[PDB]
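Next up, target15.txt (compact mmCIF, C-alpha atoms and all ligand atoms):
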# COMPACT_ATOMS: atom_id res chain seq x y z
CA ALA A 1 -13.76 -29.34 -37.77
CA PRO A 2 -15.70 -26.50 -36.06
CA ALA A 3 -14.52 -22.90 -36.22
CA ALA A 4 -13.52 -22.78 -32.58
CA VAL A 5 -13.18 -25.07 -29.55
CA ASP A 6 -11.95 -24.37 -26.04
CA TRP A 7 -12.04 -27.32 -23.68
CA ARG A 8 -11.75 -24.96 -20.69
CA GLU A 9 -15.42 -24.03 -21.47
CA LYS A 10 -16.43 -27.76 -21.40
CA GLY A 11 -15.06 -28.62 -17.92
CA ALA A 12 -12.14 -30.77 -19.12
CA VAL A 13 -9.14 -28.67 -17.89
CA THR A 14 -7.73 -28.33 -14.38
CA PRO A 15 -6.08 -25.12 -13.10
CA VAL A 16 -2.58 -24.21 -14.23
CA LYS A 17 0.21 -25.98 -12.43
CA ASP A 18 3.91 -25.13 -11.86
CA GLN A 19 6.72 -27.59 -12.49
CA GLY A 20 9.15 -25.37 -10.62
CA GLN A 21 12.89 -26.13 -10.88
CA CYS A 22 12.45 -29.59 -12.38
CA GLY A 23 12.44 -30.52 -16.08
CA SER A 24 9.21 -32.46 -15.73
CA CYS A 25 7.29 -30.70 -18.55
CA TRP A 26 6.76 -34.12 -20.23
CA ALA A 27 4.92 -35.33 -17.08
CA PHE A 28 2.60 -32.28 -16.95
CA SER A 29 1.80 -32.74 -20.63
CA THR A 30 0.97 -36.42 -20.16
CA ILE A 31 -1.15 -35.87 -17.03
CA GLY A 32 -3.03 -32.87 -18.52
CA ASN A 33 -3.99 -35.06 -21.45
CA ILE A 34 -5.23 -37.91 -19.20
CA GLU A 35 -7.16 -35.41 -17.02
CA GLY A 36 -9.00 -34.17 -20.07
CA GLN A 37 -9.62 -37.57 -21.74
CA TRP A 38 -10.97 -38.98 -18.45
CA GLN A 39 -13.45 -36.06 -18.08
CA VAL A 40 -14.57 -36.18 -21.70
CA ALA A 41 -15.39 -39.98 -21.26
CA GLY A 42 -17.99 -38.91 -18.72
CA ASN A 43 -16.19 -38.92 -15.40
CA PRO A 44 -15.70 -35.98 -12.99
CA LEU A 45 -12.65 -33.81 -13.52
CA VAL A 46 -9.95 -34.86 -11.10
CA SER A 47 -6.37 -33.58 -10.69
CA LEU A 48 -3.93 -36.46 -11.33
CA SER A 49 -0.36 -37.05 -10.20
CA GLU A 50 2.66 -35.82 -12.17
CA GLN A 51 4.81 -36.95 -9.26
CA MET A 52 3.88 -40.56 -9.95
CA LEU A 53 5.61 -40.15 -13.30
CA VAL A 54 8.57 -38.11 -12.08
CA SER A 55 9.41 -40.58 -9.33
CA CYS A 56 8.16 -43.99 -10.71
CA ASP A 57 8.42 -43.98 -14.55
CA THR A 58 11.69 -45.79 -15.14
CA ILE A 59 11.79 -45.20 -18.90
CA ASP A 60 12.05 -41.41 -18.42
CA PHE A 61 14.49 -39.39 -16.36
CA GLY A 62 12.34 -37.43 -13.79
CA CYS A 63 13.61 -33.82 -13.59
CA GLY A 64 16.21 -34.53 -16.33
CA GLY A 65 13.57 -34.94 -19.02
CA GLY A 66 11.29 -37.43 -20.73
CA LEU A 67 8.85 -38.10 -23.50
CA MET A 68 5.01 -38.26 -23.37
CA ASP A 69 5.17 -41.41 -25.54
CA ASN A 70 7.33 -43.17 -22.94
CA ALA A 71 5.15 -41.98 -20.05
CA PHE A 72 1.98 -43.39 -21.69
CA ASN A 73 3.91 -46.66 -22.33
CA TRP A 74 4.95 -46.83 -18.68
CA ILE A 75 1.45 -46.19 -17.37
CA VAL A 76 -0.17 -48.89 -19.53
CA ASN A 77 2.53 -51.57 -19.43
CA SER A 78 4.18 -51.01 -16.07
CA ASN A 79 1.37 -49.61 -13.91
CA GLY A 80 -1.64 -51.56 -15.28
CA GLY A 81 -3.12 -48.45 -16.89
CA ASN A 82 -3.65 -46.71 -13.57
CA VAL A 83 -3.07 -43.05 -12.72
CA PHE A 84 -3.05 -41.87 -9.10
CA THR A 85 -4.67 -38.70 -7.89
CA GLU A 86 -2.65 -35.62 -7.07
CA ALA A 87 -4.12 -35.69 -3.56
CA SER A 88 -2.72 -39.23 -3.01
CA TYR A 89 0.69 -38.55 -4.60
CA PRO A 90 1.34 -34.79 -4.54
CA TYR A 91 3.99 -32.90 -6.49
CA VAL A 92 7.09 -32.35 -4.36
CA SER A 93 9.77 -32.00 -7.09
CA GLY A 94 9.30 -28.20 -7.59
CA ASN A 95 12.66 -27.65 -5.76
CA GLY A 96 14.40 -30.10 -8.07
CA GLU A 97 14.63 -32.95 -5.46
CA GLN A 98 13.54 -36.34 -6.82
CA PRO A 99 12.48 -38.76 -4.13
CA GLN A 100 12.31 -42.49 -4.71
CA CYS A 101 9.02 -43.98 -5.95
CA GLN A 102 6.72 -44.78 -3.03
CA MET A 103 3.82 -46.74 -4.70
CA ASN A 104 1.59 -48.61 -2.11
CA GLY A 105 -2.19 -48.26 -1.72
CA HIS A 106 -2.56 -44.98 -3.61
CA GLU A 107 -5.90 -43.70 -4.78
CA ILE A 108 -6.52 -44.33 -8.42
CA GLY A 109 -8.10 -41.34 -10.22
CA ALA A 110 -8.20 -42.56 -13.83
CA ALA A 111 -7.34 -45.55 -15.98
CA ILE A 112 -6.22 -45.63 -19.61
CA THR A 113 -6.07 -48.58 -22.06
CA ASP A 114 -3.74 -47.32 -24.83
CA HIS A 115 -2.36 -44.24 -26.48
CA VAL A 116 -2.28 -42.96 -30.03
CA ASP A 117 -0.07 -40.82 -32.22
CA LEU A 118 -1.82 -38.22 -34.33
CA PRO A 119 -0.95 -37.26 -37.90
CA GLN A 120 1.50 -34.41 -38.46
CA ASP A 121 -1.26 -32.28 -39.98
CA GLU A 122 -2.74 -29.21 -38.22
CA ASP A 123 -6.24 -29.81 -39.65
CA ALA A 124 -6.29 -33.45 -38.60
CA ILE A 125 -5.11 -32.37 -35.16
CA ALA A 126 -7.90 -29.70 -34.94
CA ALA A 127 -10.52 -32.28 -35.89
CA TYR A 128 -9.37 -34.85 -33.38
CA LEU A 129 -9.12 -32.22 -30.64
CA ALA A 130 -12.66 -30.98 -31.39
CA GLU A 131 -14.10 -34.47 -30.97
CA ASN A 132 -11.89 -35.99 -28.30
CA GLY A 133 -10.39 -33.41 -25.93
CA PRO A 134 -7.03 -31.83 -24.98
CA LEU A 135 -3.93 -33.36 -26.58
CA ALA A 136 -0.30 -33.77 -25.50
CA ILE A 137 2.05 -31.94 -27.86
CA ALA A 138 5.73 -31.14 -28.12
CA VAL A 139 7.14 -27.71 -29.13
CA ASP A 140 10.33 -25.83 -29.48
CA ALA A 141 10.08 -23.64 -26.35
CA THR A 142 12.80 -21.13 -27.41
CA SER A 143 10.27 -18.37 -28.10
CA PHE A 144 8.22 -19.15 -24.96
CA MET A 145 10.93 -17.77 -22.72
CA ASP A 146 10.19 -14.09 -23.58
CA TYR A 147 6.43 -14.40 -24.14
CA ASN A 148 3.98 -12.13 -22.21
CA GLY A 149 0.84 -12.47 -24.24
CA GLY A 150 -0.82 -12.05 -27.55
CA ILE A 151 -0.65 -14.40 -30.53
CA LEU A 152 2.84 -15.62 -31.27
CA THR A 153 3.46 -15.66 -35.03
CA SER A 154 7.28 -15.96 -35.44
CA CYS A 155 8.00 -18.91 -33.17
CA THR A 156 11.47 -20.42 -33.40
CA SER A 157 10.83 -23.85 -34.97
CA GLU A 158 14.04 -25.87 -34.91
CA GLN A 159 14.20 -28.44 -32.11
CA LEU A 160 11.47 -30.02 -29.92
CA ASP A 161 12.36 -29.57 -26.26
CA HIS A 162 9.11 -29.05 -24.33
CA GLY A 163 5.83 -30.88 -23.72
CA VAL A 164 2.61 -28.88 -23.28
CA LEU A 165 -1.16 -29.36 -23.55
CA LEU A 166 -3.25 -28.27 -26.54
CA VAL A 167 -6.66 -27.17 -25.26
CA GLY A 168 -8.41 -25.40 -28.13
CA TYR A 169 -8.18 -23.15 -31.15
CA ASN A 170 -10.05 -20.26 -32.89
CA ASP A 171 -10.20 -20.14 -36.69
CA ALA A 172 -12.38 -16.95 -36.49
CA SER A 173 -9.46 -14.76 -35.53
CA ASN A 174 -7.03 -12.97 -37.76
CA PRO A 175 -4.77 -14.79 -37.40
CA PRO A 176 -6.22 -18.14 -36.33
CA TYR A 177 -4.61 -19.56 -33.21
CA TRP A 178 -4.10 -22.55 -30.99
CA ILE A 179 -4.60 -22.31 -27.23
CA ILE A 180 -1.90 -24.10 -25.14
CA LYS A 181 -1.72 -24.76 -21.37
CA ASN A 182 1.80 -24.45 -20.07
CA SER A 183 3.17 -25.67 -16.71
CA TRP A 184 5.13 -22.60 -15.57
CA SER A 185 2.42 -21.28 -13.18
CA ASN A 186 -0.48 -18.92 -13.78
CA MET A 187 1.95 -15.97 -13.50
CA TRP A 188 3.48 -16.80 -16.93
CA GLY A 189 1.84 -15.81 -20.26
CA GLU A 190 -1.95 -15.36 -20.44
CA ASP A 191 -2.89 -16.67 -16.98
CA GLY A 192 -0.58 -19.69 -17.72
CA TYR A 193 -1.58 -20.10 -21.38
CA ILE A 194 -0.08 -19.15 -24.72
CA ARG A 195 -1.67 -18.58 -28.12
CA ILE A 196 0.32 -19.41 -31.22
CA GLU A 197 -0.66 -18.94 -34.81
CA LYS A 198 -2.49 -21.89 -36.35
CA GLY A 199 -1.71 -23.15 -39.89
CA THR A 200 2.04 -22.34 -40.17
CA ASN A 201 3.35 -25.15 -37.91
CA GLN A 202 4.52 -22.67 -35.25
CA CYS A 203 7.16 -24.05 -32.87
CA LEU A 204 6.95 -27.41 -34.74
CA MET A 205 3.69 -28.07 -32.89
CA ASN A 206 2.45 -30.66 -35.40
CA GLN A 207 5.39 -33.05 -34.98
CA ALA A 208 4.71 -35.12 -31.88
CA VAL A 209 1.02 -35.04 -30.95
CA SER A 210 -0.43 -37.90 -28.92
CA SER A 211 -3.22 -38.85 -26.59
CA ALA A 212 -4.22 -41.49 -24.09
CA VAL A 213 -7.27 -43.60 -24.88
CA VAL A 214 -9.82 -44.13 -22.08
CA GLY A 215 -12.08 -47.15 -22.64
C1 LIG B 1 10.71 -29.69 -20.05
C2 LIG B 1 10.90 -28.42 -20.87
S1 LIG B 1 11.12 -26.98 -19.93
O1 LIG B 1 9.98 -26.74 -19.15
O2 LIG B 1 11.23 -25.92 -20.90
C3 LIG B 1 12.50 -26.94 -19.17
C4 LIG B 1 12.64 -27.22 -17.82
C5 LIG B 1 13.93 -27.15 -17.19
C6 LIG B 1 15.04 -26.79 -17.96
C7 LIG B 1 14.88 -26.47 -19.33
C8 LIG B 1 13.62 -26.53 -19.95
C9 LIG B 1 11.96 -30.70 -20.24
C10 LIG B 1 13.34 -30.08 -19.93
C11 LIG B 1 14.46 -31.12 -19.80
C12 LIG B 1 15.72 -30.48 -19.30
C13 LIG B 1 16.22 -30.84 -18.04
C14 LIG B 1 17.37 -30.20 -17.57
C15 LIG B 1 18.03 -29.27 -18.36
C16 LIG B 1 17.56 -28.95 -19.63
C17 LIG B 1 16.41 -29.58 -20.12
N1 LIG B 1 11.94 -31.20 -21.64
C18 LIG B 1 11.84 -32.51 -21.93
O3 LIG B 1 11.81 -33.40 -21.07
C19 LIG B 1 11.79 -32.88 -23.39
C20 LIG B 1 10.29 -32.98 -23.75
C21 LIG B 1 9.96 -33.53 -25.12
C22 LIG B 1 8.79 -34.21 -25.28
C23 LIG B 1 8.50 -34.72 -26.56
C24 LIG B 1 9.34 -34.47 -27.60
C25 LIG B 1 10.53 -33.76 -27.44
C26 LIG B 1 10.84 -33.27 -26.16
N2 LIG B 1 12.42 -34.20 -23.60
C27 LIG B 1 13.69 -34.21 -24.02
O4 LIG B 1 14.25 -33.11 -24.29
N3 LIG B 1 14.29 -35.40 -24.19
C28 LIG B 1 13.57 -36.67 -24.00
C29 LIG B 1 14.35 -37.66 -23.15
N4 LIG B 1 15.77 -37.62 -23.44
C30 LIG B 1 16.55 -38.80 -23.12
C31 LIG B 1 16.51 -36.43 -23.86
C32 LIG B 1 15.65 -35.53 -24.72
Could you render the structure as structure tokens?
Amino acid sequence: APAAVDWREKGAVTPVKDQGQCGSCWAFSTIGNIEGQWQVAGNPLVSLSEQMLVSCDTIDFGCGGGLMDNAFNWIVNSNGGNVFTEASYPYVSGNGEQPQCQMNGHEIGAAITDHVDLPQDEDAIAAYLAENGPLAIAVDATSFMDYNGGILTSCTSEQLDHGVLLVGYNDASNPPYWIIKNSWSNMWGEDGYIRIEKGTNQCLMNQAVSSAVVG
């Protein structure tokens, strides 16, 4: 793996979004990953629909929670691999209301064929990220609640409860760090991002890493 990668500098990351008062973190994680994989395959960056997942994925529980694994499963096996654009199916669940699935004649922004689980190994994860693009990960978000910036080095690491997007890392920092896009608006953290120390499995970040496969 290279010393540093930041997919924001390669055009593969959309602006920071806000889930609002809905526990839809798992949907943001999933969609952020597909946004990045679709761009890295050689297509234009396009904002895709979390609402499609919140309202239509029947394996997961909308604002009550979900898993990236299940969302990828639903997309491929229940929705023919298709992901609608945000413009066609915009996010309305920020107030916690969950409307019924609409699905009819939406604009398709991206298509995926499969998804993969990555090894529970920070170096393997770094290598795959460097070659392939931003990855869906789960963390213990206990220490995120009080974060304002800097590199978090004493992250509570006990129970996975949040899905975020891994967008880069820097091994030429003391300490080395991962760069993570959160879904709590650009007013949280470092313009919506958090840096956590790399190499000490901070927040249990290595435990549940996955990605869609395009093509
Ligand atoms: C998002 C995390 S959040 O942004 O921190 C958040 C939002 C709102 C309230 C608290 C925290 C959601 C939160 C789910 C939630 C809803 C209502 C009250 C409390 C919590 N977290 C999840 O959906 C997690 C994500 C996840 C992904 C991968 C691995 C582990 C966790 N999913 C989750 O906790 N599940 C999965 C589905 N399930 C049946 C119960 C457990």
Could you list, as a ChimeraX atom specification, all protein and nucleic acid residues with an atom at most 8 Å from ligand LIG 1 (chain B), counting only C-alpha atoms and all ligand atoms? /A:19,21-26,60-61,63-69,137-139,141,159-163,183-184,208
With C-alpha atoms retained, write the just-selected residues as a short mmCIF file (atom, residue, chain, number, x, y, z; two decimals), in the coordinates of the input.
data_model
loop_
_atom_site.label_atom_id
_atom_site.label_comp_id
_atom_site.auth_asym_id
_atom_site.auth_seq_id
_atom_site.Cartn_x
_atom_site.Cartn_y
_atom_site.Cartn_z
CA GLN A 19 6.72 -27.59 -12.49
CA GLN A 21 12.89 -26.13 -10.88
CA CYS A 22 12.45 -29.59 -12.38
CA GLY A 23 12.44 -30.52 -16.08
CA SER A 24 9.21 -32.46 -15.73
CA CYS A 25 7.29 -30.70 -18.55
CA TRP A 26 6.76 -34.12 -20.23
CA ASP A 60 12.05 -41.41 -18.42
CA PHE A 61 14.49 -39.39 -16.36
CA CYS A 63 13.61 -33.82 -13.59
CA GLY A 64 16.21 -34.53 -16.33
CA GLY A 65 13.57 -34.94 -19.02
CA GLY A 66 11.29 -37.43 -20.73
CA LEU A 67 8.85 -38.10 -23.50
CA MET A 68 5.01 -38.26 -23.37
CA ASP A 69 5.17 -41.41 -25.54
CA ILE A 137 2.05 -31.94 -27.86
CA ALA A 138 5.73 -31.14 -28.12
CA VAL A 139 7.14 -27.71 -29.13
CA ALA A 141 10.08 -23.64 -26.35
CA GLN A 159 14.20 -28.44 -32.11
CA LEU A 160 11.47 -30.02 -29.92
CA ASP A 161 12.36 -29.57 -26.26
CA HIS A 162 9.11 -29.05 -24.33
CA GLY A 163 5.83 -30.88 -23.72
CA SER A 183 3.17 -25.67 -16.71
CA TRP A 184 5.13 -22.60 -15.57
CA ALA A 208 4.71 -35.12 -31.88
#
Of the candidates A:203, A:213, A:151, A:187, which one gets nearest to residue 174 of chain A if we count only C-alpha atoms? A:151
Which residue, A:59, A:1, A:196, A:12, has the smallest gap to residue 167 of chain A when you use only C-alpha atoms?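 Ranking A:59, A:1, A:196, A:12 by distance to residue 167 of chain A, first place goes to A:12.
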Protein and nucleic acid residues near (12.1, -41.0, -6.2) (cut-off 10 Å, only C-alpha atoms) as a PyMOL selection string: chain A and resi 51-57+62+93+97-102
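Of the listed residues A:205, A:129, A:94, A:40, the one whose atoms come nearest to residue 157 of chain A is A:205, with distances taken using all atoms listed in the file.
By chain and then residue number, the residues within 7 Å of residue 76 of chain A are residues 81, 112, 113 and 114 of chain A, counting only C-alpha atoms and disregarding those fewer than 5 positions away in sequence.
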Could the residues in this selection be written to a file with C-alpha atoms, as a PDB file, keeping the file's coordinate frame?
ATOM      1  CA  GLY A  81      -3.120 -48.450 -16.890  1.00  0.00           C
ATOM      2  CA  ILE A 112      -6.220 -45.630 -19.610  1.00  0.00           C
ATOM      3  CA  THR A 113      -6.070 -48.580 -22.060  1.00  0.00           C
ATOM      4  CA  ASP A 114      -3.740 -47.320 -24.830  1.00  0.00           C
TER       5      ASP A 114
END
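Here atom CA of residue 214 of chain A is placed at a distance of 21.0 Å from atom CA of residue 181 of chain A.
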When you count all atoms listed in the file, which of these residues is closest to residue 209 of chain A: A:166, A:5, A:194, A:87?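 Closest to residue 209 of chain A of all the choices is A:166.
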Nearest to residue 20 of chain A among A:41, A:48, A:4, A:92, with distances taken over all atoms listed in the file: which residue is it?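 Counting all atoms listed in the file, the residue closest to residue 20 of chain A is A:92.
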List the residues sitting within 12 Å of (3.5, -10.7, -24.8) in the file's frame, using all atoms listed in the file, as a PDB file with C-alpha atoms, keeping the file's coordinate frame.
ATOM      1  CA  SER A 143      10.270 -18.370 -28.100  1.00  0.00           C
ATOM      2  CA  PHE A 144       8.220 -19.150 -24.960  1.00  0.00           C
ATOM      3  CA  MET A 145      10.930 -17.770 -22.720  1.00  0.00           C
ATOM      4  CA  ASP A 146      10.190 -14.090 -23.580  1.00  0.00           C
ATOM      5  CA  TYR A 147       6.430 -14.400 -24.140  1.00  0.00           C
ATOM      6  CA  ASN A 148       3.980 -12.130 -22.210  1.00  0.00           C
ATOM      7  CA  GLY A 149       0.840 -12.470 -24.240  1.00  0.00           C
ATOM      8  CA  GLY A 150      -0.820 -12.050 -27.550  1.00  0.00           C
ATOM      9  CA  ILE A 151      -0.650 -14.400 -30.530  1.00  0.00           C
ATOM     10  CA  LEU A 152       2.840 -15.620 -31.270  1.00  0.00           C
ATOM     11  CA  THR A 153       3.460 -15.660 -35.030  1.00  0.00           C
ATOM     12  CA  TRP A 188       3.480 -16.800 -16.930  1.00  0.00           C
ATOM     13  CA  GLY A 189       1.840 -15.810 -20.260  1.00  0.00           C
ATOM     14  CA  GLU A 190      -1.950 -15.360 -20.440  1.00  0.00           C
ATOM     15  CA  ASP A 191      -2.890 -16.670 -16.980  1.00  0.00           C
ATOM     16  CA  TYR A 193      -1.580 -20.100 -21.380  1.00  0.00           C
ATOM     17  CA  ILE A 194      -0.080 -19.150 -24.720  1.00  0.00           C
ATOM     18  CA  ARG A 195      -1.670 -18.580 -28.120  1.00  0.00           C
ATOM     19  CA  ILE A 196       0.320 -19.410 -31.220  1.00  0.00           C
TER      20      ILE A 196
END
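The spacing separating atom CA of residue 13 of chain A from atom CA of residue 164 of chain A amounts to 12.9 Å.
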For the atom pair atom CA of residue 3 of chain A and atom CA of residue 39 of chain A, what is the interatomic distance in Å to one decimal place? 22.4 Å
Repaired coordinates for segment 158-174 of chain A (N, CA and C atoms) as a compact mmCIF listing (two decimals), in the frame of the given file:
# COMPACT_ATOMS: atom_id res chain seq x y z
N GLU A 158 12.86 -25.12 -34.52
CA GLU A 158 14.04 -25.87 -34.91
C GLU A 158 14.29 -27.16 -34.18
N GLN A 159 13.93 -27.24 -32.89
CA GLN A 159 14.20 -28.44 -32.11
C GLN A 159 13.12 -28.59 -31.02
N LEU A 160 12.50 -29.74 -30.98
CA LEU A 160 11.47 -30.02 -29.92
C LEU A 160 12.16 -30.22 -28.58
N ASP A 161 11.74 -29.47 -27.57
CA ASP A 161 12.36 -29.57 -26.26
C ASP A 161 11.38 -29.39 -25.08
N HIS A 162 10.09 -29.34 -25.38
CA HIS A 162 9.11 -29.05 -24.33
C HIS A 162 7.79 -29.75 -24.64
N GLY A 163 7.11 -30.23 -23.60
CA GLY A 163 5.83 -30.88 -23.72
C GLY A 163 4.79 -30.00 -23.04
N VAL A 164 3.71 -29.73 -23.76
CA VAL A 164 2.61 -28.88 -23.28
C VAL A 164 1.27 -29.54 -23.62
N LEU A 165 0.16 -28.84 -23.32
CA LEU A 165 -1.16 -29.36 -23.55
C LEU A 165 -1.97 -28.44 -24.47
N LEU A 166 -2.46 -29.00 -25.57
CA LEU A 166 -3.25 -28.27 -26.54
C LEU A 166 -4.70 -28.35 -26.10
N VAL A 167 -5.32 -27.20 -25.82
CA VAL A 167 -6.66 -27.17 -25.26
C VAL A 167 -7.75 -26.58 -26.15
N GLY A 168 -7.38 -25.93 -27.24
CA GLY A 168 -8.41 -25.40 -28.13
C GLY A 168 -7.78 -24.66 -29.30
N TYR A 169 -8.64 -24.00 -30.08
CA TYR A 169 -8.18 -23.15 -31.15
C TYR A 169 -9.38 -22.24 -31.54
N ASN A 170 -9.07 -21.24 -32.34
CA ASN A 170 -10.05 -20.26 -32.89
C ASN A 170 -9.63 -19.93 -34.31
N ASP A 171 -10.38 -20.45 -35.27
CA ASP A 171 -10.20 -20.14 -36.69
C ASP A 171 -10.88 -18.84 -37.12
N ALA A 172 -11.73 -18.26 -36.26
CA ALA A 172 -12.38 -16.95 -36.49
C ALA A 172 -11.61 -15.84 -35.74
N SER A 173 -10.34 -15.77 -36.02
CA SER A 173 -9.46 -14.76 -35.53
C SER A 173 -8.55 -14.50 -36.70
N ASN A 174 -8.02 -13.30 -36.77
CA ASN A 174 -7.03 -12.97 -37.76
C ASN A 174 -5.83 -12.56 -36.95
